[PDB]
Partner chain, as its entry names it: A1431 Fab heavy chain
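Have a look below at one chain only, the form deposited without its partner chain, in structure tokens format.
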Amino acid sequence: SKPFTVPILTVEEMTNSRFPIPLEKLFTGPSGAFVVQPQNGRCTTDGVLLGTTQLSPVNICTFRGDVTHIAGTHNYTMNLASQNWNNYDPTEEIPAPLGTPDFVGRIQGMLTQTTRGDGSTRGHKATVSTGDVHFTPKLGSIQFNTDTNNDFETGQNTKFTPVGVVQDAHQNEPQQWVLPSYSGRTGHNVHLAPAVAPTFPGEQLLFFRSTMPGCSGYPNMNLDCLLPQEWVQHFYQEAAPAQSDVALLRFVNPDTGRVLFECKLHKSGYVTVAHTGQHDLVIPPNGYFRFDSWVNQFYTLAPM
């Protein structure tokens, strides 16, 4: 039976699975005051993708499709295509197109477009507000606010590349743990990856944390994912069968050979540590995770 493994990449060598930016650090904190239900970076240890999770680190929070100008505004409606430009299908049993942002906030980036005939191209700063009434990606359309009211053409391939977040009380947006309504006010979310929470006394989620670029105002730029994108890619390929519900990982300093801490990688795809309170883990930059064994549901971790 094929042995389970995690990548030996260090934290700084890996990518956030909820936004296309590098991981910076490990963070643990209490999460009782909210619902932890991200839809990107969701994958089982035996390699089944969940929620809106797809395999590309650079297609996260991107959109593709065609655009139509909204008269008398600087806004454009995008009718979504799939990430490979064929028709988008709302009957596929996912919450939204794969890689759709999984938090409420205003994401700024650029809309770019190519005219098929002559290869002319154009690019404009654009912002999508995932909390607004027009954010209905599951229905196949979303709205952008842009810096132009006339440059974009109809019936031409258009891409949104995310860059960062904006805010207009400080750090009151984005809300990284609030899911958008993928069908807007017209419906409720469907086929979600489940909420996650520690269930063992003294345990907290371990988050893989990045700082999103801010493009305006005073945004909350903290972004926590449950699994590095490289781990999603790894499990997807390996598809190693899980021999219990909990994989024991040791975080190791490869120079000293010493274990810094141990943690539980849950089969359904998230990590817990034995700690209480908010804490930025102190780790050597060469540190990495090592799978050591499958353990039962009642395994007591050495305290972090």
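Residue numbers count along the first chain shown, from 1.
Absent from the display: the form deposited with its partner chain bound. The rest refers to it.
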{"query": "Among the candidates 129, 181, 176, 210, the residue which, in the deposited bound form, approaches its partner chain to within 4.5 Å (heavy atoms)", "finding": "176"}
{"query": "The unique member of 172, 199, 186, 73 whose heavy atoms fall within 4.5 Å of its partner chain in the deposited bound form", "finding": "172"}
{"query": "30, 220 and 278 each touching its partner chain in the deposited bound form (heavy atom, 4.5 Å)", "finding": "yes"}
